[PDB]
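Below: one structure, written as structure tokens.
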Amino acid sequence: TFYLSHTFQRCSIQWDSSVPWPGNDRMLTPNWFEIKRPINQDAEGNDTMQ
Amino acid sequence: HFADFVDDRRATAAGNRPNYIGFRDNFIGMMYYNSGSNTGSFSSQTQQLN
Amino acid sequence: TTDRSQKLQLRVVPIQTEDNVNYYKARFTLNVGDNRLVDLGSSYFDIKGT
Amino acid sequence: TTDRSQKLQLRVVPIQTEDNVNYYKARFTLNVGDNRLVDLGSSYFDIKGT
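Each protein sequence line maps, in turn, to chains G, S, W and L. Each residue of the first sequence is one higher than the last, beginning at 658 in PDB author numbering. Each residue of the second sequence is one higher than the last, beginning at 254 in PDB author numbering. Each residue of the third sequence is one higher than the last, beginning at 52 in PDB author numbering. Each residue of the fourth sequence is one higher than the last, beginning at 52 in PDB author numbering.
The following block contains the structure:
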């Protein structure tokens with residue numbers, strides 16, 4: 658009955674302490690998973706769902 | 254600016270600290286090197302190959 | 052799925068806009084290279100304004 | 052050295068420029084035609100600004 662999912666910013670996964678995931682320049686921010694961003698730090702428009 | 258402020262005639266004046274503002278050596282920090290979130294791209298046309 | 056380093060989701064900014072009282076032209080170069088396939092159901096305009 | 056009409060330096064201008072608070076994109080089309088060669092050691096961006 659979770660309620661603390663809205664409080665994560667970053668998820669950086671690194672395989673052998675050298676290889677990121679998913680790597681390969683997949684995401685717009687390829688090195689980690691940027692979950693939430695404050696809108697003042699968004700000048701480039703990477704925010705969904707308003 | 255100031256160096257001592259007692260009464261309106263009895264103040265003294267020191268010059269401000271010298272502050273040189275210019276670009277870095279070799280233009281370090283002009284260009285996003287090793288920032289994965291915003292990378293440059295050299296590619297041919299038919300550009301699926303960064 | 053390929054293994055090679057390939058961008059997964061692409062942002063493209065307008066080439067040559069036009070602004071007047073009534074409308075606002077934007078013109079994009081959707082540059083689908085070789086070895087890439089896009090469905091235009093995944094296409095949307097990400098509008099930021101005030 | 053050939054005796055035909057062929058430029059030494061090639062001023063090339065950007066295709067597509069993005070400007071926001073954080074960064075500034077340009078995108079170029081270096082058109083290295085046939086029977087010509089370029090070393091990218093000679094490449095340098097020429098920035099004008101205030």
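Don't be surprised by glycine CBs; every beta carbon is placed ideally from N, CA and C.
Check	Outcome
Where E69 of chain W falls, given that 16 or more other Cβ within 10 Å makes a residue buried	exposed
Per-residue burial, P695 of chain G [other beta carbons within 10 Å of its own, 16 or more giving buried]	exposed
Nearest residue (CA-CA) to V83 of chain W, options S:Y285, S:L302, S:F276	S:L302
Validate contact between the stretch 660-670 of chain G and the stretch 682-702 of chain G using beta carbons, cut 8 Å, 3 pairs	yes
Coarse secondary structure for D278 of chain S, derived from DSSP in three states	helix
Min CB distance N86 of chain W to chain S below 7 Å	yes
Proximal chain L residues relative to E701 of chain G, where beta-carbon distance stays under 7 Å	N71, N73
Segment contact, 8 Å Cβ cut-off, at least three pairs: the stretch 83-100 of chain L with the stretch 52-65 of chain W	no
Sequence-distant residues of the same chain with beta carbon closer than 7 Å to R262 of chain S, five excluded per side	none
Closest Cα partner of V64 of chain W within the set W:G92, W:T80, W:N71, W:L91	W:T80
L91 of chain W and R683 of chain G closer than 7 Å at C-beta	no
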